[PDB]
Amino acid sequence: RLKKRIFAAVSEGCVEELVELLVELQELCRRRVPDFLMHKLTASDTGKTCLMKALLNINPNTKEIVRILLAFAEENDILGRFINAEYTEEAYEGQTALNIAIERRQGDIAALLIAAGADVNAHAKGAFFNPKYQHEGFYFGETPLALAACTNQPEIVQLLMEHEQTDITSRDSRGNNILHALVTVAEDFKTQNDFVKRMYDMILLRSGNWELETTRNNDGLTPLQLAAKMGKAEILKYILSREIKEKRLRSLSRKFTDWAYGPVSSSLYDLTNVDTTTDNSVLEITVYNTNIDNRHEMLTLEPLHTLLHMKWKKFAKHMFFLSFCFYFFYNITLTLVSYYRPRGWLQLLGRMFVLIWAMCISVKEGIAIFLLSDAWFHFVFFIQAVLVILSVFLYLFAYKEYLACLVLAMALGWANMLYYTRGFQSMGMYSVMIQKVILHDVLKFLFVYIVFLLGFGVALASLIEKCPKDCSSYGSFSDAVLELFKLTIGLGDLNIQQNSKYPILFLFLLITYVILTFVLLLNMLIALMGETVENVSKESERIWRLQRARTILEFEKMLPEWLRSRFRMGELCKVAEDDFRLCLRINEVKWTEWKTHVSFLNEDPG
Amino acid sequence: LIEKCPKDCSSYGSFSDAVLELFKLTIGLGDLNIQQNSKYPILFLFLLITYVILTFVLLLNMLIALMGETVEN
Amino acid sequence: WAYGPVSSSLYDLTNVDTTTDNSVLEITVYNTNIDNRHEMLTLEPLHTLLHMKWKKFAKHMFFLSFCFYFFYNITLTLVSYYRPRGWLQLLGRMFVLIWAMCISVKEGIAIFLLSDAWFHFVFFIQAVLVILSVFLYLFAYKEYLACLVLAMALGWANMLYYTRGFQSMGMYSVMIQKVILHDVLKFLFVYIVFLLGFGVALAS
Amino acid sequence: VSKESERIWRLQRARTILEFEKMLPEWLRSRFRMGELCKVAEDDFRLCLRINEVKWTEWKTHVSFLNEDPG
Ligand SMILES: COc1ncnc(OC)c1C(=O)Nc1nc(C(F)(F)F)c(-c2ccnc(C(C)(C)C#N)c2)s1
Ligand SMILES: COc1ncnc(OC)c1C(=O)Nc1nc(C(F)(F)F)c(-c2ccnc(C(C)(C)C#N)c2)s1
């Protein structure tokens, strides 16, 4: 039991003399060699060495325990397999002692380890360290450097990165390198105090080149595209607007001031993986990707806001107005064909226009539907166009029901103009408010009102006798239901001689319906709408801006290659010794932060 | 949706009277007959109920809520 | 086992988990002489106990209870509507009778052992109206229809109880209840004073 | 009431949960019985209820644990 005695005296550490006696025992025994010396100091189940066991359980004397441990392992010249050992369990695989010393924040022990040959490129290629479900697993990046950086140990990060054998460019099993990992664990300032932006800057500058920021994980995302997918708007704003004054590190920036004078400064933001000219850009991801709902803040970041405004004012404003004009005349032709139906040259042109515009919307929103609240509008545009072409089909046959589909298509098209309200900010914010009210208030009201209307309609229809003579408005369930609805909208009259056999119960139930709807439900709808309207007013400009951004990017994808290349925001800019990357000037004015400007590329401010 | 009757048997006959009938509904004024000489009376009733929801339930109460926001600012 | 950000605690559950007489969970959920039950429910051992109970059996017992009350109410509704002015029919009619007796004894026991119990009262009154209606119908009493329509009406009202299964609908219901108490009843009193005084004033 | 409705609903649903649990028969109550017994001290072995959690601001070397290997 010498193995278990050493294990207990090392994980407990009551004294160094206990472990010294046990180690003298093991040395005087095993020589009677390295392999089974280890087997007499190992955990043959998981592979956990007594160095691992000591590090797992740090006591006030651990830096001496582990020191005697490795000095023994070096006196027997087994140090290599000793301090570089790894777990064999399927859930902690590849975990060495250094992952332990770093997770435990034991900077001194980790320094002693890697000073004595601790393999630092060791990957925590394990189901705990590479989690699938939260709270069983901690995703940090599967390396000692990614652990030291994600657990906010800048001293251990500096100590690891200064090591000649740490491999900062190494990627984990998920494809991530240290910078993807930092982006994933980046939470917020609310829950993390924003140390990850600092570790990101430190690691990127301490490896001064683009190798880290350019690598894509197994999802095909760089740290920047990942910071956009996951809605990390702080690390994204940090990367997007990264300006390094260092002359030896001026090629690792994304935005470089080129002519600032006083209050006015003209910047030159880098637009490489940001401007919709690549596969999944930061702008495209920031506008589209809907698995976050954190697209809120990411859209006003300095290059993206100006890219969207350049796209709008270059082509998308006009494509949107042209799209609106086409939908408007399509709807007017549907309206006039419905109205002037039978109970030419410019006529037939309009009729085939609705047919072909219906087929175009059909194929477009059908393609866009199979490639899938934001797409309510794909559904209704598709359903409207389908109703139009179905109406045309039933009309070129001898089917009279073409008018049902045609009037429904006309109705739904006029509803679909709520889409085009997103061209203006006033009307667009009004529409996101209408939509929020319909979802949060009106549908809840309609459900409750229909359970009232239907229950009271059957109650009041049940109370009514059979007259031999139409002497009751509440005779059937439907007729009753009909004028409970009429009562709600205050339309007819109210006769309370309804041929009931229990007229006081009939009147009690009618008064109860009136209270429940008129007094309670409708006024409570007003109160709840007032609560919705006040909450949605604080986010409606954000939601409208996101809607218009999605529309801008939809229109940009419609353009043909020559037109997309013709528009192409951002002018190429001499930015470093030889970088010459597409950039996007954004002049700005600041009055509080006074300083002598040394960073520029044109010392003369245009 | 309304057919041609041979007799005044529909309030929604022309666009104007239909427009007048809808306006009366919003202000709560006339009666509501739903036998309007439509050929698709369930679609007529669906569209009438939809108008009532959109105006009575949504637009007028949302006007109250928006006025409440204006008045406070 | 805490590692980095993730730490796994092991809360003790000895006098906390409804397996003893008056547990901390039972007292925290029930005891109504404080109205300070606000904050206590979210405490860590307790909050996870209620969610484990919900997702282990109570979600399903609640949906099953709702389904039984719903078909009980639908049978009351259809028996009211299709009253006279079978095999699957008589099954439904005796179903309302026995479900009414079960609710009767349950909410009567729960009433004698006593705003939170509005619902005991209305569930009991509804079930009593149903069994009274059945009694008046197996006799030759025509007033069974008054009790039956009132029972149907009150049962559809009692579904506001089952709205507490979802958070959206459940919060909407506590809001409806608060509005009815704080606003609608005050309105109804004042409106009746005005309606009755002006009615006598105008009739005069 | 919007500021307290989630609290009130949660209390209502808790009362319903505890009402249903009292309806169950003894074998079903014992069958459900949240919380797994846990070696917790030298000899305590009290029923316990694991609740994993994540914290990013309070950094410290962890000395309190009973399984030094995090599952
Ligand atoms: C969700 O509600 C429903 N859903 C579908 N159908 C329904 O009825 C067909 C119902 C329903 O509420 N029925 C009712 N029964 C009764 C009872 F008289 F029996 F008490 C009701 C009543 C009685 C006395 N004062 C009220 C007020 C309005 C003051 C309150 N609060 C209501 S209301
Ligand atoms: C609790 O109130 C009641 N409850 C039961 N029955 C009632 O009356 C039958 C009443 C009641 O209000 N009676 C009233 N009498 C008079 C008076 F004209 F004689 F002065 C009233 C009056 C007079 C002048 N201007 C107002 C307005 C509306 C402008 C105001 N403010 C109200 S009001």
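Because only heavy atoms are used, hydrogens play no part in the values below, and waters and symmetry mates are left out as well, while side chains stay in. Chain identifiers are assigned alphabetically (A, B, ...) following the order of the sequence lines, protein sequences preceding nucleic acid strands; residue numbering begins at 1 within each chain.
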Checklist entry - Salt bridge between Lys178(C) and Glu4(D), side-chain N to carboxylate O under 4.0 Å? => result yes
Checklist entry - Between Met171(C) and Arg10(D), is any pair of side-chain heavy atoms under 4.5 Å apart? => result no
Checklist entry - Would you call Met61(C) and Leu24(D) a side-chain contact if the rule is heavy atoms closer than 4.5 Å? => result yes
Checklist entry - Which heavy atom in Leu13(C) sits nearest to a heavy atom in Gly35(D), and how many Å separate them? => result CD1-CA, 4.2 Å
Checklist entry - chain D heavy atoms under 4.5 Å from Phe166(C): which part of the residue, side chain, backbone, both or neither? => result backbone
Next on the checklist: With a 4.5 Å cut-off on side-chain heavy atoms, are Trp9(D) and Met169(C) touching?
Outcome noted: no
Checklist entry - So do the side chains of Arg13(D) and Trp54(C) get within less than 4.5 Å of each other, counting heavy atoms only? => result yes
Item to check | Verdict with supporting geometry, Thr18(C) and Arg29(D), side-chain contact (heavy atoms from CB on, under 4.5 Å) | outcome: CA-CA 10 Å; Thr18(C) 66; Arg29(D) 289 194 92 198; 4.0 Å; yes
Checklist entry - What is the minimum heavy-atom distance between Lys22(D) and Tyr30(C), and which atoms define it? => result NZ-CE1, 3.2 Å
Checklist entry - Under 4.5 Å between any side-chain heavy atoms of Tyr11(C) and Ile51(D), yes or no? => result yes
Checklist outcome for this item: Tightest non-hydrogen contact, residues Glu26(C) and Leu18(D), listed as CA-CD1, 3.6 Å
Next on the checklist: Can you confirm whether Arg50(D) sits close enough to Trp1(C) that some side-chain heavy atom of one is under 4.5 Å from a side-chain heavy atom of the other?
Outcome noted: yes
Item to check | Side chain proximity check, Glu39(C) to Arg7(D), heavy atoms < 4.5 angstrom | outcome: no
Item to check | Residue pair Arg46(D) / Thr14(C), side-chain donor-acceptor N/O under 3.5 Å | outcome: no
Item to check | Closest heavy-atom pair and its distance - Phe20(D), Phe57(C) | outcome: C-CE1, 4.3 Å
Item to check | Least distance between heavy atoms, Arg15(D) atom then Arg37(C) atom | outcome: NH1-NH1, 3.9 Å
Item to check | Within 6.0 Å of CZ in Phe95(C), more than 12 heavy atoms from elsewhere | outcome: yes
Checklist entry - Would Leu10(C) and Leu49(D) count as a side-chain contact (heavy atoms from CB on, under 4.5 Å) if you check the C-alpha gap in whole Å, the side-chain angles of each, and the deciding distance to 0.1 Å? => result CA-CA 5 Å; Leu10(C) 221 46; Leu49(D) 177 63; over 6 Å; no
Checklist entry - Regarding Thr16(D) and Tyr161(C), is there a side-chain donor-to-acceptor distance under 3.5 Å anywhere? => result yes
Checklist entry - So which part of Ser65(C) gets closer than 4.5 Å to some heavy atom of chain D, the side chain, the backbone, both or neither? => result side chain
Item to check | Beyond-backbone contact of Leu41(C) with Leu11(D), side-chain heavy atoms, under 4.5 angstrom | outcome: yes
